[PDB]
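*Asks:* Partial complex follows, first chain(s) only, in situ:
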Amino acid sequence: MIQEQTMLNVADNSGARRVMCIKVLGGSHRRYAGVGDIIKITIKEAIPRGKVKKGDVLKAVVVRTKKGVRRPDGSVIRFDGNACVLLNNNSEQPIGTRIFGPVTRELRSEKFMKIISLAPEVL
Amino acid sequence: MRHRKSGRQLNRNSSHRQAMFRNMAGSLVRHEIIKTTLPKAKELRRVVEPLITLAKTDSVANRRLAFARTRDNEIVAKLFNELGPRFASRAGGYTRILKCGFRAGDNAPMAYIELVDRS
Amino acid sequence: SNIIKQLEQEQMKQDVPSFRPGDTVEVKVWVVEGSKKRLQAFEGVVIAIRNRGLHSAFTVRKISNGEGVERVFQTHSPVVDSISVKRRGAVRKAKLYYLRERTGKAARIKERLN
Amino acid sequence: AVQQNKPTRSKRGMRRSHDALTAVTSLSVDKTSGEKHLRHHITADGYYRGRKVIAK
Amino acid sequence: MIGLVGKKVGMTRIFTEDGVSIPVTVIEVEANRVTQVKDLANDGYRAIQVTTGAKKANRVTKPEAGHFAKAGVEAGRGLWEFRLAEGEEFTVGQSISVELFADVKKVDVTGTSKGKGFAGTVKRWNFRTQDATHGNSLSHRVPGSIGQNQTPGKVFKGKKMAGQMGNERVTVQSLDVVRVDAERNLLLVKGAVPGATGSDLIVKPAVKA
């Protein structure tokens, strides 16, 4: 359940460590973003020599939330870290190539089939 | 709104409500009939009638529960030694409400509450 | 009521092994992808149990890949396929929410042996 | 927060149209003591539905 | 098309084979008993009048019990009336089972909603709280401004204000029927119908095709 000004965490080897959501995408007045969603972020903190850099503005895809997802049985898969995976602004596809931590079954699509392939654990 | 709720508030906060019924239930059993207002009388039933329900089993535990409900040794005695064997075959309903009209000073609806087998 | 319970009793799975909080448990759930019903395992600590008969459910917490994953299975759901107690434990409080901040050493719970 | 005219006393009667009281309809005559009392209330002598219930 | 009168038993869930948890609402529907057939020639419009349930025989009034005895049917807890579509007719004492819904796919459920008492504008019309701090004097939940300065110098009809909320008739449309358990007289509909447990419901088939 991500809104603006939300600090997130980085789930790959892209280079950032701490980002912040600035815009939920996919519709006017869209309050919240769960998993499988594209948000615009800045970068608060990165490694000293990474593919991205402090102050870059780019998209991301949300993979782990604290509020968790739901399932058609009524089950629910929470986490502890509101974490995301960075994306290109144009090709709209991940930047780093080593996904950290698990992801969920809702993430898979033709859009994000690469990310679940690089993920260690698809719940 | 208060849908499906229970209990009364009686224009008193919760520590006073619990302390008042404690003082009242002991004052009931000491006299077996008292005069009070009707909403206080309809609510006292949901205190004393579980105490009489507890009076049907003289364990040392129920001694310790009923003293924790009342804090009065004399009431603890009169419950188990007398009211135990008195109401010993009644499926609840140990008390009775009798309405004596209205109070003089403030028009409050007064009612007598008594135990059933007082006579 | 007598009608609702009559409908819950015809969908409860009777074969649920009983357990308590603080029981390390492993759960096999069905995962369908393509036309493949693989049977994914999942294993962790029961930290909360909500009992309402048919609607009864429980919460399992594990630490996967440095991340704490809670997951709450509807008990009588047909997507869970097997529940197996691995390690019973001796906890005292009925819901173990303080295991959302104790990690590693303090996350350990001692084994019930009775 | 205040009137701009004196409201007429004809309005004051109309405002007090619903302020009339209401007489007690039924008085139970006690079948034993004979005295009249409020239905579902006890008498003034401790009778209720015939029998003596409280020695006052 | 005609509908059926039911009572809201409560909400539960039905798992499918595929692990889909469908939150159903249990509406029992007892044997609806037609009391009177209206038409054009005496009444101007074709409709039936049905009853359901049973009632205390020493409760029903001689005007009301005389109406049931005219039909020759057992007295129910209330009467309801359903507009016939054409080519759809019934006799007087004919009963109706819940097997009418045995082939439908969506239904429409009309019931009296719950009553939330005297509700403020925040709860009723979904206004906004004002600033809960920064010096708000006595105005944390009020509706603010209600009109304009003098030129429409009044307050308009149907302005959203405080007041009564709920306890009124509503209808939830196109609910999905799940199961018609005709033997124990149940009806399983996906989603939540209005009204409290045990209130009366009017269940018609889908009006939108």
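*Replies:* Cool, got the structure. Numbers count the residues shown, from 1 in each chain, chains lettered A, B, ... in the order given.
*Asks:* gap between the residue sitting furthest away from the middle of chain A and residue B:67?
*Replies:* Here chain A reaches farthest from its C-alpha mean at residue A:73, the gap being 24.9 Å by Cα atoms, centre = their mean. Here the criterion is Cβ to Cβ, to the nearest Å. By it, residue A:73 lies 50 Å from residue B:67. The way it works is simple: take the backbone N, C-alpha and C, and place the C-beta from them, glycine included.
*Asks:* again, but for residue E:134
*Replies:* Taking Cβ to Cβ, one finds residue E:134 at 54 Å from residue B:67.
*Asks:* Same question for residue E:133.
*Replies:* In terms of Cβ to Cβ, residue E:133 sits 49 Å off from residue B:67.
*Asks:* Give me the more crowded residue out of these two.
*Replies:* Ranked by neighbour count (other Cβ atoms under 10 Å in any protein chain shown), residue E:133 and residue B:67 place residue B:67 first, with 14 against 6.
*Asks:* Chain A versus the nearest residue to that one once chain neighbours are set aside, what's the distance?
*Replies:* Among residues not flanking residue B:67 along the chain, residue B:76 sits closest, at 5.0 Å (Cβ to Cβ, 6 or more residues apart in numbering or on different chains). Separation of residue B:76 from chain A (Cβ to the nearest Cβ, to the nearest Å): 50 Å.
*Asks:* which ones are touching residue B:76?
*Replies:* B:63, B:66, B:67, B:70 (Cβ atoms under 8 Å, 6 or more residues apart in numbering or on different chains).
*Asks:* out of everything not next to it in sequence, what's closest to the residue nearest the centre of chain E?
*Replies:* The residue lying closest to the centre of chain E (Cα atoms, centre = their mean) is residue E:111, at 1.5 Å. Once flanking residues are discounted, residue E:111 sits nearest to residue E:195: 4.0 Å by Cβ to Cβ, 6+ apart.
*Asks:* so where do the helices sit in chain B?
*Replies:* For chain B, the helices defined by DSSP state H cover B:14-31, B:38-54, B:60-70, B:73-78, B:84-86.
*Asks:* quick one: the host helix or strand of residue E:201 near chain C?
*Replies:* Counting by DSSP states H and E, the element that carries residue E:201 is strand E:200-205. No: Strand E:200-205 stays clear of chain C (Cβ under 8 Å from any Cβ of the partner chain), getting no nearer than 14.9 Å.
*Asks:* packing partners for that strand?
*Replies:* strand E:4-15, strand E:106-112 (3 or more Cβ pairs under 8 Å, 6 or more residues apart in numbering or on different chains; DSSP states H and E).
*Asks:* put RNA strand F onto that model:
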RNA sequence: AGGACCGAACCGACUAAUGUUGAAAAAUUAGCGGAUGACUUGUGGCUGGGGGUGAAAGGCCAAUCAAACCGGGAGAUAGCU
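*Replies:* Next up, RNA strand F placed on what we already have:
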């Protein structure tokens, strides 16, 4: 040792809510400042209105102060209402 520090009484009065025909013609509540000193307080005493007094704001001088209060000239005058 200290116009030292923290902090009660005491003395204050920064913010906020309340109150605004109040409980109150300036207060309560919750936080706040000083608290061995240029501190605070009690009893008595002096300074009188263009005067007093003022770590000064035209402050304060009996709920009133760019001139107190009370009597008088005085039924001041009023091209205004």
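*Asks:* now that RNA strand F has been added, could you go back to the contacts of residue B:76?
*Replies:* For residue B:76, counting by Cβ under 8 Å, 6+ apart, the contacting residues are B:63, B:66, B:67, B:70.
*Asks:* related to what we said a few turns ago, what count of nearby residues applies to the residue nearest to the residue farthest from the centre of chain A when sequence neighbours are not counted?
*Replies:* Nearest non-adjacent residue to residue A:73, counting by Cβ to Cβ, 6+ apart: residue C:77, 4.2 Å away. Other residues near residue C:77 number 23, with proximity taken as other Cβ under 10 Å.
*Asks:* Dump the C-alpha coordinates for the longest helix along chain E into PDB.
*Replies:* As assigned by DSSP H, the longest helix anywhere in chain E is helix E:62-71. The C-alpha trace of helix E:62-71 is given here as PDB (Å, rounded to 0.1, in the frame of the first residue of the first chain):
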ATOM      1  CA  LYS E  62     -60.100 -10.900  11.400                       C
ATOM      2  CA  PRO E  63     -59.600  -8.400   8.500                       C
ATOM      3  CA  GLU E  64     -56.300 -10.000   7.600                       C
ATOM      4  CA  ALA E  65     -57.300 -13.600   8.400                       C
ATOM      5  CA  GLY E  66     -60.400 -13.100   6.300                       C
ATOM      6  CA  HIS E  67     -58.100 -12.300   3.400                       C
ATOM      7  CA  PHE E  68     -56.200 -15.500   3.800                       C
ATOM      8  CA  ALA E  69     -59.400 -17.500   4.100                       C
ATOM      9  CA  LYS E  70     -60.500 -16.000   0.800                       C
ATOM     10  CA  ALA E  71     -57.400 -17.500  -0.800                       C
END
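*Asks:* Give the next helix or strand downstream of that helix.
*Replies:* strand E:79-83.
*Asks:* Just the buried positions in the longest helix of chain E, please.
*Replies:* The neighbour-count criterion (16 or more other Cβ atoms under 10 Å in any protein chain shown) identifies E:67, E:68, E:71 as the buried residues of helix E:62-71.
*Asks:* And stretch A:6-25, by the same measure?
*Replies:* Across stretch A:6-25, burial judged by 16+ other Cβ under 10 Å covers A:6, A:8-16, A:19, A:21, A:24.
*Asks:* ditto for stretch E:119-136
*Replies:* E:119, E:121, E:122, E:124, E:127.
*Asks:* Span of that stretch from start to end?
*Replies:* End-to-end distance for stretch E:119-136: 22 Å, by Cα to Cα, to the nearest Å.
*Asks:* Verify the contact between residue E:52 and residue E:75 for me.
*Replies:* No: using Cβ atoms under 8 Å as the test, residue E:52 is too far from residue E:75 to be in contact (10.7 Å).
*Asks:* mind listing what residue E:130 touches?
*Replies:* Residue E:130 touches E:136, E:139, E:140, E:141, E:142, E:144, counting by Cβ under 8 Å, 6+ apart.
*Asks:* attach RNA strand G to the model above:
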RNA sequence: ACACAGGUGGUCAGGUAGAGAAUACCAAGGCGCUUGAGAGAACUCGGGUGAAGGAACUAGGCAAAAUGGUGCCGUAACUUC
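*Replies:* Once RNA strand G is put in with the chains from before, the structure reads:
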């Protein structure tokens, strides 16, 4: 102006916890603050809790929240040392 949530100088100094006349529960002692009875809507006042986020609110982090004790360790620029 009141049987008014204000003001009013001095003297007394119990117990336990506690540095303490803090504060908490108590002692001696003194009260229950002179309309009540119900109800448990809006709304207001005074409060308690909060999913996910954490100043995005807003003139302004106002207010709330949070911090808080003792002992020990460790402690930057700067400096009138």
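*Asks:* now that RNA strand G has been added, could you go back to the buried residues of stretch E:119-136?
*Replies:* By 16+ other Cβ under 10 Å, the buried positions in stretch E:119-136 come out as E:119, E:121, E:122, E:124, E:127.
*Asks:* which parts of chain D sit against chain B?
*Replies:* Counting by Cβ under 8 Å from any Cβ, chain D sits next to chain B at D:38, D:40, D:41, D:42, D:48, D:53, D:54.
*Asks:* What is the neighbour count of the third one?
*Replies:* Applying other Cβ under 10 Å, we find 17 other residues in the vicinity of residue D:41.
*Asks:* Kindly list the main-chain dihedrals of it?
*Replies:* phi -110, psi 160 (degrees, to the nearest 10).
*Asks:* Mind listing the strands the strand or helix carrying residue A:44 pairs with, and their directions?
*Replies:* Counting by DSSP H and E, the element that carries residue A:44 is strand A:38-46. Strand A:38-46 has these partner strands in its sheet, going by DSSP bridges: strand A:16-24 (antiparallel), strand A:58-64 (antiparallel).
*Asks:* Selecting buried members of the residues of chain D next to chain B in PyMOL, what would you type?
*Replies:* The PyMOL command for the buried members of those (criterion: 16+ other Cβ under 10 Å) is given here:
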select buried, chain D and resi 41+42+48+53+54
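*Asks:* Helices along chain E, start to end?
*Replies:* Under DSSP H, chain E gives helices at E:62-71, E:121-124.
*Asks:* For those helices, give me CSV that also has distance to residue A:66.
*Replies:* Formatted as CSV, these follow (distance: least, Cβ to Cβ, whole Å):
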stretch, distance to residue A:66
helix E:62-71, 60
helix E:121-124, 28
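*Asks:* In a markdown table: those, plus distance to chain D.
*Replies:* Converted to a markdown table, the helices of chain E look like this (distance: least, Cβ to the nearest Cβ, whole Å):
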| stretch | distance to chain D |
| --- | --- |
| helix E:62-71 | 24 |
| helix E:121-124 | 22 |
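*Asks:* one step back: tabulate the strands paired with strand A:38-46 in JSON lines, adding columns for distance to residue A:51.
*Replies:* Formatted as JSON lines, the strands paired with strand A:38-46 follow (distance: least, Cβ to Cβ, whole Å):
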{"stretch": "strand A:16-24", "distance to residue A:51": "9"}
{"stretch": "strand A:58-64", "distance to residue A:51": "11"}
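*Asks:* all strands in chain A, in order from the N-terminus.
*Replies:* A:6-7, A:9-10, A:16-24, A:38-46, A:58-64, A:69-70, A:76-77, A:83-86 (DSSP state E).
*Asks:* Ok, which of those comes nearest residue E:107?
*Replies:* Residue E:107 lies closest, by Cβ to Cβ, to one member of these: strand A:69-70, at 26.2 Å.
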